[PDB]
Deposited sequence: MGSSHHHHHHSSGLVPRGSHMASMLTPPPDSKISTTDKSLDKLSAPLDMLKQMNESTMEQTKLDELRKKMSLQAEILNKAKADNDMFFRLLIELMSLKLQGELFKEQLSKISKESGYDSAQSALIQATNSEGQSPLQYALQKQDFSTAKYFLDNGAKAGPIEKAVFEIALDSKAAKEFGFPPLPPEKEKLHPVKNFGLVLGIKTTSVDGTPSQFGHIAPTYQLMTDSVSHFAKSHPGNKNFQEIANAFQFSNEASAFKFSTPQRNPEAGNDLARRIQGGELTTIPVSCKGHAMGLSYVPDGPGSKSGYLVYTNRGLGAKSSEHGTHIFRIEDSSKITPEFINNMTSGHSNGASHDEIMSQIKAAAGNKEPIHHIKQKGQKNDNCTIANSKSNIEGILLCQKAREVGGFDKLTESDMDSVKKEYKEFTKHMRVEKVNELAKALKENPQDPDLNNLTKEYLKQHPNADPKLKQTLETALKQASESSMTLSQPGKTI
């Protein structure tokens, strides 16, 4: 009980593996399952039975026995073989699901039964460690050197690279502080390059205002009740306002587009292209607000603290819908799904395309008045913002690959030239 925090930290470290070695482990054990030829594995049944066991809140010896039972029920020859191979429909391993749910007891039982911690599982752990549930479990605050965005996350979350560093850092999971800073700086930079774009000077005032009022450290907002009084106040005044929004282990997108200054009506733009959304729903949903005043300081505070306070995906969504008046959205911008990422850049960024669309509907006098010429205008504006990100990241990469010609080398070669044939690419001179 007093030894569990340190014990579990040690076990994550003992069970750490590199992605390829864990993939060999999975392959090895899938070959092993063909020798016994038993019931083929059924992952969806394993997780169904898994999520039911965890709610019983049983203790170790009990849990290991039921874990074995439901493993064998699901076509796995052992609990260890389930924990190593099973993934759910969102692509989570059981360890990674336990940690994302901030369920540290069940995560340690998984560790006691052979679950392995690959990079993903460790980068979900690290997001999970900055939360109240982690504090009540006995975990310390996170080391302060984990506060700079790793080069592998900086270039990978923007360009689309899905690699890993030599130190084991994934390119795919990020804290809300460094990634919100980077979305904010990347919008001010675009506004400053296009100073007649009246849309993006307002988008930049919203991002600058909310990055300053939220005051995120790692993934916890620091100025806790005030940030919501301050964001609600800017919405009641009729200004564009991004609301940082999250739940346990996952970042969404949320902003408010006013009809105009002093006006009390407008639009709520929600974005989720990852965990929590049913595929058909991937992208951005626009709700018409006729009484902004359901967007309360308490709603705003709950949004910004969802991950920290342990809020589930469904708890946050119920709130976003009641602040929109329990009405259905009036539009859905279908956007690409994103798995194995908390979507700290992806859901922020795609939300901007629904801002543009609200600023175009606003200036046209409503969504029912948009022409198809307006949609292509919106998509061109958006795609011009994104192409500005990609170019400035590539130019950042090439230049940096060269203030140091020895992870940066992988970052360029890997995915950007190996999963992106669609693109003026810059070389890697050898020294």
In sequence order, the deposited-sequence ranges that have no modelled C-alpha atom: 1 to 41, 448, 466, 475 to 494
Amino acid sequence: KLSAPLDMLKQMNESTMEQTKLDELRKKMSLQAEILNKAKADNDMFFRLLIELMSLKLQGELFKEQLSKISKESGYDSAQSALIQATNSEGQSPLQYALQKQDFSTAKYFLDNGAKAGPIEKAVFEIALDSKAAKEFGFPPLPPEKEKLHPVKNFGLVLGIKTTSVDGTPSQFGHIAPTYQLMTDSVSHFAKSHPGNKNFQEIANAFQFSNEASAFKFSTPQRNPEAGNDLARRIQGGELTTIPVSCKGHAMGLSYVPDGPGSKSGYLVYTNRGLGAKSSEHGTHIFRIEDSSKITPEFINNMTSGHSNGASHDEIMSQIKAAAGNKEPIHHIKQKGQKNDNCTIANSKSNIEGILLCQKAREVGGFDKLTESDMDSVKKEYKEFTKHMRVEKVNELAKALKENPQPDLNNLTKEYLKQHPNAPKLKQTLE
From here on, numbers count along this sequence of modelled residues.
Where do the C-alpha atoms have the higher mean temperature factor in this entry, in 221 to 229 or in 152 to 160? 152 to 160
Check the entry's C-alpha temperature factors for 107 to 115 and 355 to 363, then say which stretch has the higher mean. 355 to 363
In terms of CA temperature factor as recorded, identify the highest of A39, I51, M29, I35. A39
Highest Cα temperature factor in the entry, among the options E73, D130, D341, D291: which one is it? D291
Going by the CA temperature factor in the PDB record, which third of the chain does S81 belong to: lowest, middle or highest? middle
Could you place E147 in the lowest, middle or highest third of its chain by Cα temperature factor, using the values in the record? highest
By the entry's values, the third containing the CA B factor of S348 is the middle
Comparing against every modelled residue in the chain, figure out the third that the C-alpha B-factor of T241 lands in (lowest, middle or highest). middle
Mind checking which third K321 falls in for C-alpha B-factor across the chain? middle
